Amino acid sequence: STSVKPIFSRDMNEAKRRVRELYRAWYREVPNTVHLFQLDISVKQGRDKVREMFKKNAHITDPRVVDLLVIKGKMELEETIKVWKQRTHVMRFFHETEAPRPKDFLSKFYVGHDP
Amino acid sequence: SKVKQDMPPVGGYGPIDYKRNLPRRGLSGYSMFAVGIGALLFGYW
Amino acid sequence: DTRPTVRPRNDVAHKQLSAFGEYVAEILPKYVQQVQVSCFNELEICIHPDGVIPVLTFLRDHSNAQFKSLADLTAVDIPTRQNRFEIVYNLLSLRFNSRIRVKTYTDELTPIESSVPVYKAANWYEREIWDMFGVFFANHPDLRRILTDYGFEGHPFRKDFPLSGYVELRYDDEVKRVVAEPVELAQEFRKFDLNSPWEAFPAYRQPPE
Amino acid sequence: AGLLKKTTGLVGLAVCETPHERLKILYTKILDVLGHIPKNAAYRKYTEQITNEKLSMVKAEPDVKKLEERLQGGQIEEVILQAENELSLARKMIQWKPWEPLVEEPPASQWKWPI
Amino acid sequence: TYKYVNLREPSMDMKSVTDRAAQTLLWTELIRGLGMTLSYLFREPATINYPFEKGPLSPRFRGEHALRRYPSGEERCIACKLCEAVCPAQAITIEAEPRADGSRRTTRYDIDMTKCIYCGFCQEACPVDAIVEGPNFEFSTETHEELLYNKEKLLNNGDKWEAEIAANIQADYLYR
Amino acid sequence: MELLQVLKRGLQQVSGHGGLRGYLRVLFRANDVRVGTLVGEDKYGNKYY
Amino acid sequence: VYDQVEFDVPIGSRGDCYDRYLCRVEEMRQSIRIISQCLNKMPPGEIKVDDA
Amino acid sequence: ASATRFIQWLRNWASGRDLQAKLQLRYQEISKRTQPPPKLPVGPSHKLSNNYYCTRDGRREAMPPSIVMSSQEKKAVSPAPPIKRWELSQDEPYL
Amino acid sequence: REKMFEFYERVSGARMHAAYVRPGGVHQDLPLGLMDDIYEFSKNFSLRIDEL
Amino acid sequence: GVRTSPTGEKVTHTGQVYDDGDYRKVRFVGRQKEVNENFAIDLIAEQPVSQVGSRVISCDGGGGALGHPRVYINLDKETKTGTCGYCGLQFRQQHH
Ligand SMILES: CCCCCCCCCCCCCCCCCC(=O)OC[C@H](COP(=O)([O-])OCC[N+](C)(C)C)OC(=O)CCCCCCCCCCCCCCCCC
Ligand SMILES: CCCCCCCCCCCCCCCCCC(=O)OC[C@H](COP(=O)(O)OCCN)OC(=O)CCCCCCCCCCCCCCCCC
Ligand SMILES: CCCCCCCCCCCCCCCCCC(=O)OC[C@H](COP(=O)(O)OCCN)OC(=O)CCCCCCCCCCCCCCCCC
Ligand code: SF4
Ligand code: SF4
Ligand SMILES: [Zn+2]
C-alpha cells in the first residue's frame, strides 16, 4: 500500500529536473518551429504558448504523473523537430477558428443550458 | 418434389490442369550461333 | 461427438495443455499466479508484471517450449479492476504445433518492461498499446504514437474514451488550413440497450453479492 | 557417418561440419551451468532430464540422418541452435531465480472474468 | 506435403552451357516475352461498350433501396424497426404512430445513403419484404443532400422499380 | 478466302443499318457498328438488340 | 475441411523477393487444385447451423 | 471465337499455346441466366420427435476455464508431441 | 478477378464485401448453375498463370 | 389524397407541410418537393371487404412466403369488420 513502481523519477525534486530540461528544449525549439513551418506568429507568441502549457499542470505533486507528462511532452517535441507535424498540427494550440465562448454566468445563461 | 441443390454432375467434373506448363521452343545454341555467324559472313562479303 | 450442431471436444489436447500448464508453473513459481485451460483448449498463464521477461524468455528458449513466434500482443481495459489494463501475449510454437497465452496487468502509471529484447515483433505492438491505451513500456527502443493523429490527445481504446472523441476536423477558408474544433454530430449516435433481463448461461453464474 | 548435406533449407542457418562433436559440447556445458541452480529447482530437474536424454542419443547414433529422427528437432543444425538457446536460458535463470516463491499475489479480483 | 520452387541445379554439359550462352547473348527469353504480348494484340478485347452494354448482374444484387407495397397499394412496412436495430451503420431513422385508420405505419423512414454500407441486412431482417435493395446502381448525385433519402423518396423508388424488384424476389426467395 | 468474307462481312454492316447515313449515326452515337437482332423496342424509343 | 483436401505448400530457398514471388504463383496453382476437389466433394444439406 | 484461321495460327504461334482451346472470353458454355427454382433441403434438427433442444444445445455445454494452478520424479512434458516432419510432394517435388 | 467477382456477386449480391460467411455457416445456398460456372473458370485459369 | 396547403405546398401522406413563415421552404426554391402521390391509406380503403363463412380467418398477405406472417382474425363481432394488422385487408363473416 502506497509503495509503487516508479517510471523515471523517484521524487518530485528529481522529477522537476526533467520538467526544466524539457522546458529548455521547447524554449530553444520555438524559433526553429516558427521558421520551418512558416508560421505567421512571433517567437514570443510561441514561447508564451509553451509557458501556458507548462503552467497548466503546475499543481501536480505525483512524480509518476509528472514523468508521463514529460514523456508526452518529449513525444510532442520529437514530432515537431522532425516535421512529422504539419502547419495544421502546430496551430491547433492556438484555436484560431474557435469563437470565444462565454465565461460569466449571465453570458452562459443567454446562449444555452450548459453550466 | 425432391431436393434440388447446386451439386456436381453425376460423374463429377473433368480434370483441371494446374501444374506449370512452359513448352520448349526455338533451336539449340549451336544452330543459333551458326545462323548468326553465317549472316555476318554473307554481310561482310 | 455425434451431434451435428455441437462442437466436438478434443480431450487429448486438453490433458496435454493442462499438463504443460503445471510444468510452467513449477518452473516459474516466482511469477505464475494462475493457470487455466478453456473448454476449447487454449492455455492461459497469468503472471505477475515483474515476470514478463523471465516468463517469455523461458517460453521462447526452453527446449520443451520453443515458442519462437509472437502471434499478437494486445491490451484489454477493465475499469472495475484496480489494475484496469490486461496485457495479453499470444505465442506460437512451430516445433510443438501449440499455442499459449500469457497475461499480466498494470494501471495508468505503472510501467511494464518492454519485450523487444525477447521478441522483435513486440516493437510495434507495444507502440500500439501505448498509443491506444496509455500503458508505458520501459526501455522501449522508441515509444510514440503509431495509429493516432499527430498531437492527438487521449487514448481511444480506453472504455471511458467516447466513441466519437472530443475533436473533429474540417477545412477553414479564413486560415487556409485544416482546423480542429469540438465535436458536434448532425445525428447523435443512438445508444441501444440490447441486454436481455434473463440470464443466458447458468454455468457462468457468479455467486450472489 | 553419412554424406555431408549441401544445405539446411533454412536461410541463414549454415551447415555444421561436426554436428556430433558440437552437440556433445553444448549439452555438457548446459549440465555444468545447471549445477549452479539449487538441486530442488524444477528447472534444474527438468532441464537436466531432457538434456541427458538428448545427450544419450548423440552418443548412441553416429549417423546424422538417423540421429535427427531420434531427436525430432528438424535438421541437426536446428538442434544445435536450440542447444545454444537453452544454454543461454540457463545462464539467465540463475540471475532471475524463478524457483523463489511468488513475488506478490494479485488483487482480490484481478483474474475474475466476467466482471 | 511441400515442394521446392527454386531448388534446381543447372546442367553443365557443353550443349547446356552453350544453350544458356545463346540465351544470354541473343535475348531468347526476352524475345519470348515479346511473343506473348503480340498474341494478346490479336485477341478480341474484353471491353464492353458502356453505357450501351452493361456488366452482368444477378437477382441477389444489392443496389438502391426501395420501399415496397402490397398488390393492393398498401405499404408493406409496419414500423417494426427491425431494420433500424440491425443496420450496422445506423443509417436508418424511423418514427411511427397509429395512422388515421389505426394502422401501424411510419411517419419517418430515412436512410442516410452516405452512412449505409449496402449490406442487405435490412432486407434480411424485414418480416414483410418491405425494405429491399433494388437492382439500380446508377444514382450518382451532384450534391450531398440528395443522398439523404426520406420516406417519400423511398416510396417513389419502390413504385419506380417494383416491376423489376418483384421479378428478382420471385427468382431468389426460395434460397431465402 | 476467309479474308474476303471479313471484308464482305464489314460491308454488310453498312446495309444492316440502312445505308451510310444510318451507319454513321450508330458509329458516332454508340462508337459501335455491329448489327444485331431486334429483341424489342420500349415506349421511350430505346431499341434492344 | 482443409484436412480433407490435398495440396502442396511451396517452400523457398533464398528468402528473397524472387522466391516469395514463386511461392505466390505456385500457391495460385495449388488453389486451382483445391477448387477441383471442392467442386467434386461438395455434399448436400443445409448451409447454416440448424440451431435457431 | 470470330478470328480467322490465319490470325488464330499467328496468335497460337506467338504464344506457344493453343489459345482457342481455352479462351478467356466466355461464350454459350456459361449457365443460363434463368434457372429452375430450387427446393433446398432441411437440417438435421427438422424433426417432429426426439428433438428436444436441451440435447443439442451447444452454447449451454460451454464451461468456464478449468483452473490448473492458482495462488489464491515427475517427467518433463511439452505442449504437445513434436510436429512430424513434412514429406516431399510426389505430385511435383521440384518446380 | 472480374469473373471471380461475379461468383461473389452471384452468391451474396456484392462484388467485394459479400458478408456471406457468418458464424454458423453461410448466408444463402449457392444458386443453381454456379458450380458449373466455377468449373469453366477454373478449367482455363492455369493457362492464365502460364502467360503470367 | 394529395392536397395543397394555402401557400401552395403539397401535403404528404404523413400530414407534413411547411407553414407560410417557415424559412425551411427556401430549400424548394428552384427545385421540387418530393411527394408520393399514391396514399396508402386511400388505396387500402378501396379494396372490397371479403365475405367468409367461418368465425376465424387467416391472412398471409397473399403470395405465400412473399407476403407477411400468417395471422388469424376473429370475426365474431358484427358491428365492425376484422382487419389484418399487417396488410389492412378486411374480412366479414357471412350472415353472422
Ligand atoms: C566463330 C568466330 C568467333 C567470333 C564470332 C562471334 C559472333 C557472335 C557475336 C556476339 C553476339 C553478341 C550479340 C549482342 C550481345 C549484346 C547483348 C548482351 O550483352 O547480353 C547480355 C545482357 C545482360 O545479360 P545478363 O543480365 O544475364 O548478365 C550478363 C553478365 N552476367 C551474367 C555475368 C551478369 O543482356 C541484355 O543486353 C539485356 C537486354 C535489355 C532488354 C532490352 C529489351 C529486349 C529487346 C529485344 C528486341 C531486340 C531487337 C534488336 C534489333 C533491332 C533492329 C533495329
Ligand atoms: C558443333 C557446332 C559447330 C558450329 C557452332 C558455331 C558457333 C560457335 C560458337 C559457340 C561455341 C560452340 C563451338 C565450341 C565447340 C562445341 C563442340 C564441343 O565442344 O564438343 C562437344 C563436347 C561435348 O561436350 P561434353 O563432353 O558433354 O561436356 C563438356 C566437357 N568439356 O564438348 C567437349 O567436351 C569439348 C571441350 C569443351 C570445352 C571447349 C571450350 C568451349 C568453350 C570455349 C568458348 C567457345 C565460344 C567462343 C566463341 C565466342 C563467340 C560466339
Ligand atoms: C476532317 C474530316 C472531314 C469531316 C469533318 C467535318 C464533319 C462535319 C461536322 C460538321 C457538321 C455536323 C455533322 C453531324 C456530325 C456527323 C455525325 C452525325 O451527327 O450523324 C448524324 C446523321 C444522322 O442524323 P439523323 O439520325 O437522321 O437525325 C436525327 C434523327 N433523330 O448521320 C450522318 O452522319 C449524316 C451524314 C453526313 C455527316 C457525316 C459526318 C462525316 C464525318 C467524317 C466521317 C469519317 C468516317 C471515317 C473515319 C476514318 C476511318 C478510317
Ligand atoms: S444495406 Fe446494411 S447499412 Fe445499408 S441501410 Fe440496410 S442494413 Fe443499413
Ligand atoms: S422496413 Fe421492414 S424491418 Fe424496417 S421497420 Fe418497416 S417492416 Fe420493419
Ligand atoms: Zn394480411
# chains A, B, ... in the order shown; residues from 1 in each chain; ligands from 1
$ interface_residues --of "chain F" --to "chain H" --cutoff "9 Å" --atoms "only C-alpha atoms" --output "list in words"
residues 2, 3 and 6 of chain F
$ residues_around --residues "residue F:47" --least-positions-apart "3" --cutoff "12 Å" --atoms "only C-alpha atoms" --output "VMD selection string"
(chain E and resid 52) or (chain F and resid 36 to 44)
$ select_by_dssp --residues "chain I" --states "strand (DSSP E or B)" --output "VMD selection string"
chain I and resid 21 to 22 25 to 26
$ residues_around --residues "residue J:73" --least-positions-apart "5" --cutoff "10 Å" --atoms "only C-alpha atoms" --output "PyMOL selection string"
chain J and resi 55-59+81-85+90-92
$ residues_near_ligand --ligand "ligand 5" --cutoff "12 Å" --atoms "only C-alpha atoms and all ligand atoms" --output "ChimeraX atom specification"
/E:65-69,75-87,91-96,104-111,120-133,151,154-155,158 /J:67-69,86-87
$ atom_distance --atom1 "atom CA of residue D:8" --atom2 "atom CA of residue H:91"
22.7 Å
$ residues_near_ligand --ligand "ligand 1" --cutoff "10 Å" --atoms "only C-alpha atoms and all ligand atoms" --output "list in words"
residues 32, 33, 34, 35, 36, 37, 38, 39 and 40 of chain B; 20, 21, 22, 23, 24, 25, 26, 27, 28, 29, 30, 31, 32, 33 and 34 of chain E
$ interface_residues --of "chain D" --to "chain H" --cutoff "12 Å" --atoms "only C-alpha atoms" --output "CSV table (one decimal) with N, CA and C atoms, in the first residue's frame"
chain,number,residue,atom,x,y,z
D,40,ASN,N,16.8,-28.5,-5.9
D,40,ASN,CA,15.4,-28.8,-5.9
D,40,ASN,C,14.6,-27.9,-6.9
D,42,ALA,N,12.8,-26.9,-10.1
D,42,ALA,CA,12.2,-27.7,-11.1
D,42,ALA,C,12.9,-27.5,-12.5
D,43,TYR,N,13.4,-26.3,-12.7
D,43,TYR,CA,14.1,-26.0,-13.9
D,43,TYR,C,15.3,-26.9,-14.1
D,44,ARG,N,16.1,-27.1,-13.0
D,44,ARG,CA,17.2,-28.0,-13.0
D,44,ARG,C,16.8,-29.4,-13.2
D,45,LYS,N,15.8,-29.9,-12.5
D,45,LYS,CA,15.4,-31.3,-12.6
D,45,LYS,C,14.9,-31.6,-14.0
D,46,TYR,N,14.1,-30.7,-14.5
D,46,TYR,CA,13.5,-31.0,-15.9
D,46,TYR,C,14.5,-30.8,-16.9
D,47,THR,N,15.4,-29.7,-16.8
D,47,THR,CA,16.3,-29.4,-17.9
D,47,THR,C,17.4,-30.4,-18.0
D,48,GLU,N,17.9,-30.9,-16.8
D,48,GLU,CA,18.9,-31.9,-16.8
D,48,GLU,C,18.3,-33.2,-17.4
D,49,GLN,N,17.1,-33.5,-17.1
D,49,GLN,CA,16.4,-34.7,-17.6
D,49,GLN,C,16.4,-34.7,-19.1
D,50,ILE,N,15.9,-33.7,-19.7
D,50,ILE,CA,15.8,-33.7,-21.2
D,50,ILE,C,17.2,-33.5,-21.8
D,51,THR,N,18.1,-32.8,-21.2
D,51,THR,CA,19.4,-32.7,-21.7
D,51,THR,C,20.1,-34.0,-21.8
D,53,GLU,N,18.7,-37.0,-21.9
D,53,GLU,CA,18.1,-37.8,-23.0
D,53,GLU,C,18.6,-37.5,-24.3
D,68,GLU,N,18.8,-37.5,-36.3
D,68,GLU,CA,17.7,-36.5,-36.5
D,68,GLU,C,16.3,-37.1,-36.2
D,69,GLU,N,16.1,-38.3,-36.7
D,69,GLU,CA,14.8,-39.0,-36.5
D,69,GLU,C,14.6,-39.3,-35.0
D,70,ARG,N,15.7,-39.4,-34.2
D,70,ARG,CA,15.5,-39.7,-32.8
D,70,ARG,C,15.3,-38.4,-32.0
D,71,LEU,N,16.0,-37.3,-32.3
D,71,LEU,CA,15.9,-36.1,-31.6
D,71,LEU,C,14.6,-35.4,-31.9
D,72,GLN,N,14.1,-35.6,-33.1
D,72,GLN,CA,12.8,-34.9,-33.5
D,72,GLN,C,12.8,-33.4,-33.3
D,73,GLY,N,13.9,-32.8,-33.9
D,73,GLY,CA,14.0,-31.4,-33.8
D,73,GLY,C,14.4,-30.7,-35.1
D,74,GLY,N,14.0,-31.4,-36.2
D,74,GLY,CA,14.3,-30.9,-37.5
D,74,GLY,C,15.8,-31.2,-37.9
D,75,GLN,N,16.3,-30.4,-38.8
D,75,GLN,CA,17.7,-30.6,-39.2
D,75,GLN,C,18.6,-30.6,-37.9
D,101,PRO,N,9.7,-18.2,-4.2
D,101,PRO,CA,8.3,-18.1,-4.1
D,101,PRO,C,7.7,-16.9,-4.8
D,102,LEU,N,6.4,-16.9,-4.9
D,102,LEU,CA,5.7,-15.8,-5.7
D,102,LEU,C,6.0,-14.5,-5.1
D,103,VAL,N,6.4,-13.5,-6.0
D,103,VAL,CA,6.8,-12.2,-5.5
D,103,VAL,C,5.6,-11.5,-4.8
D,104,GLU,N,4.4,-11.6,-5.4
D,104,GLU,CA,3.3,-10.9,-4.8
D,104,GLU,C,2.0,-11.4,-5.5
D,105,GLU,N,1.0,-11.7,-4.6
D,105,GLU,CA,-0.3,-12.2,-5.1
D,105,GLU,C,-1.0,-11.1,-5.8
D,106,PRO,N,-1.9,-11.4,-6.7
D,106,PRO,CA,-2.7,-10.3,-7.4
D,106,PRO,C,-3.8,-9.8,-6.5
D,107,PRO,N,-4.3,-8.6,-6.8
D,107,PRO,CA,-5.5,-8.1,-6.1
D,107,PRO,C,-6.6,-9.1,-6.1
D,108,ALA,N,-7.7,-8.9,-5.2
D,108,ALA,CA,-8.7,-9.9,-5.0
D,108,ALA,C,-9.3,-10.4,-6.3
D,109,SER,N,-9.7,-9.5,-7.2
D,109,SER,CA,-10.5,-9.9,-8.3
D,109,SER,C,-9.7,-9.5,-9.6
D,110,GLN,N,-8.4,-9.8,-9.7
D,110,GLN,CA,-7.7,-9.4,-10.9
D,110,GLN,C,-7.9,-10.3,-12.1
D,111,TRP,N,-8.1,-11.6,-11.8
D,111,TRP,CA,-8.4,-12.6,-12.9
D,111,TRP,C,-9.8,-13.1,-12.9
D,112,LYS,N,-10.7,-12.3,-12.4
D,112,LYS,CA,-12.1,-12.7,-12.4
D,112,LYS,C,-12.8,-12.2,-13.7
D,113,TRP,N,-13.2,-13.1,-14.5
D,113,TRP,CA,-14.0,-12.8,-15.8
D,113,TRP,C,-15.2,-13.7,-15.9
D,114,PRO,N,-16.4,-13.2,-16.1
D,114,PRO,CA,-16.7,-11.8,-16.3
D,114,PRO,C,-16.6,-10.9,-15.0
$ residues_around --residues "stretch 16-31 of chain J" --least-positions-apart "6" --cutoff "9 Å" --atoms "only C-alpha atoms" --output "PyMOL selection string"
chain J and resi 4-7+9-10
$ write_last_selection --atoms "N, CA, C and O atoms" --output "short mmCIF file (atom, residue, chain, number, x, y, z; two decimals), in the first residue's frame"
data_model
loop_
_atom_site.label_atom_id
_atom_site.label_comp_id
_atom_site.auth_asym_id
_atom_site.auth_seq_id
_atom_site.Cartn_x
_atom_site.Cartn_y
_atom_site.Cartn_z
N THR J 4 -53.02 20.43 -51.42
CA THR J 4 -52.09 21.54 -51.29
C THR J 4 -52.50 22.45 -50.15
O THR J 4 -53.69 22.71 -49.94
N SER J 5 -51.51 22.93 -49.40
CA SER J 5 -51.76 23.91 -48.36
C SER J 5 -52.05 25.27 -48.99
O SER J 5 -51.80 25.48 -50.18
N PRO J 6 -52.60 26.21 -48.21
CA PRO J 6 -52.97 27.51 -48.80
C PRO J 6 -51.83 28.19 -49.53
O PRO J 6 -52.06 28.83 -50.57
N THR J 7 -50.60 28.08 -49.03
CA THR J 7 -49.46 28.69 -49.70
C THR J 7 -49.06 27.96 -50.98
O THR J 7 -48.23 28.48 -51.73
N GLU J 9 -47.87 24.64 -51.15
CA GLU J 9 -47.04 23.46 -50.93
C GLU J 9 -47.91 22.22 -50.74
O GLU J 9 -48.94 22.26 -50.07
N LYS J 10 -47.49 21.11 -51.34
CA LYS J 10 -48.22 19.86 -51.23
C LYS J 10 -48.05 19.26 -49.84
O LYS J 10 -47.03 19.45 -49.17
#
$ residues_around --residues "residue G:5" --least-positions-apart "4" --cutoff "12 Å" --atoms "only C-alpha atoms" --output "count of residues only"
15
$ closest_atom_pairs --of "chain I" --to "chain H" --cutoff "7 Å" --atoms "only C-alpha atoms" --output "Markdown table"
| residue | atom | partner | partner_atom | distance |
| --- | --- | --- | --- | --- |
| I:32 | CA | H:35 | CA | 6.6 |
| I:33 | CA | H:31 | CA | 5.7 |
| I:37 | CA | H:30 | CA | 6.1 |
| I:44 | CA | H:22 | CA | 5.5 |
$ interface_residues --of "chain C" --to "chain D" --cutoff "6 Å" --atoms "only C-alpha atoms" --output "list in words"
residues 27, 28, 29, 30, 31, 61 and 62 of chain C
$ decode --residues "stretch 18-39 of chain G" --atoms "N, CA, C and O atoms" --output "compact mmCIF listing (two decimals), in the first residue's frame"
# COMPACT_ATOMS: atom_id res chain seq x y z
N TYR G 18 12.31 -12.97 -55.02
CA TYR G 18 12.04 -13.86 -56.14
C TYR G 18 11.46 -15.19 -55.68
O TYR G 18 10.57 -15.74 -56.34
N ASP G 19 11.95 -15.72 -54.56
CA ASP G 19 11.39 -16.96 -54.04
C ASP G 19 9.98 -16.75 -53.50
O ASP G 19 9.14 -17.65 -53.60
N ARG G 20 9.70 -15.57 -52.94
CA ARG G 20 8.34 -15.29 -52.48
C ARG G 20 7.40 -15.04 -53.64
O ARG G 20 6.19 -15.26 -53.51
N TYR G 21 7.91 -14.57 -54.78
CA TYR G 21 7.08 -14.48 -55.97
C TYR G 21 6.76 -15.86 -56.52
O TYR G 21 5.63 -16.12 -56.95
N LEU G 22 7.75 -16.76 -56.54
CA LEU G 22 7.49 -18.12 -56.99
C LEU G 22 6.52 -18.84 -56.07
O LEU G 22 5.65 -19.59 -56.52
N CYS G 23 6.66 -18.61 -54.76
CA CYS G 23 5.74 -19.23 -53.81
C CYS G 23 4.30 -18.78 -54.06
O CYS G 23 3.37 -19.59 -54.00
N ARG G 24 4.10 -17.49 -54.34
CA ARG G 24 2.74 -16.99 -54.55
C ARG G 24 2.16 -17.49 -55.86
O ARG G 24 0.98 -17.85 -55.93
N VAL G 25 2.97 -17.54 -56.92
CA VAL G 25 2.48 -18.07 -58.19
C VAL G 25 2.17 -19.55 -58.06
O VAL G 25 1.20 -20.04 -58.65
N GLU G 26 2.98 -20.28 -57.31
CA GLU G 26 2.73 -21.71 -57.14
C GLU G 26 1.54 -21.96 -56.21
O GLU G 26 0.86 -22.98 -56.36
N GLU G 27 1.28 -21.06 -55.27
CA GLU G 27 0.10 -21.20 -54.43
C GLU G 27 -1.18 -20.98 -55.22
O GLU G 27 -2.21 -21.58 -54.91
N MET G 28 -1.14 -20.11 -56.23
CA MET G 28 -2.30 -19.96 -57.11
C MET G 28 -2.61 -21.27 -57.82
O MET G 28 -3.78 -21.63 -57.99
N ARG G 29 -1.57 -21.99 -58.26
CA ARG G 29 -1.79 -23.28 -58.89
C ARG G 29 -2.41 -24.27 -57.91
O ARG G 29 -3.31 -25.03 -58.27
N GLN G 30 -1.94 -24.27 -56.66
CA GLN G 30 -2.49 -25.20 -55.67
C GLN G 30 -3.92 -24.84 -55.31
O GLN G 30 -4.69 -25.73 -54.91
N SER G 31 -4.30 -23.57 -55.42
CA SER G 31 -5.69 -23.20 -55.15
C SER G 31 -6.63 -23.76 -56.20
O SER G 31 -7.73 -24.20 -55.88
N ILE G 32 -6.20 -23.75 -57.47
CA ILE G 32 -6.98 -24.42 -58.51
C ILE G 32 -7.09 -25.91 -58.21
O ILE G 32 -8.12 -26.54 -58.47
N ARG G 33 -6.03 -26.50 -57.66
CA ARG G 33 -6.06 -27.92 -57.30
C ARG G 33 -7.11 -28.18 -56.23
O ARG G 33 -7.83 -29.18 -56.29
N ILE G 34 -7.21 -27.30 -55.23
CA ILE G 34 -8.21 -27.47 -54.18
C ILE G 34 -9.61 -27.22 -54.72
O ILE G 34 -10.56 -27.91 -54.36
N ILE G 35 -9.76 -26.21 -55.59
CA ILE G 35 -11.07 -25.89 -56.13
C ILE G 35 -11.64 -27.07 -56.90
O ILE G 35 -12.85 -27.33 -56.87
N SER G 36 -10.78 -27.81 -57.60
CA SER G 36 -11.24 -29.02 -58.28
C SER G 36 -11.81 -30.02 -57.29
O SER G 36 -12.84 -30.65 -57.55
N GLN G 37 -11.16 -30.17 -56.13
CA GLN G 37 -11.63 -31.13 -55.14
C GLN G 37 -12.88 -30.63 -54.41
O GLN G 37 -13.71 -31.44 -53.99
N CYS G 38 -13.03 -29.32 -54.26
CA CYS G 38 -14.22 -28.78 -53.62
C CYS G 38 -15.42 -28.84 -54.55
O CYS G 38 -16.56 -28.96 -54.09
N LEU G 39 -15.19 -28.77 -55.86
CA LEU G 39 -16.29 -28.87 -56.82
C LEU G 39 -16.82 -30.29 -56.94
O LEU G 39 -17.97 -30.47 -57.35
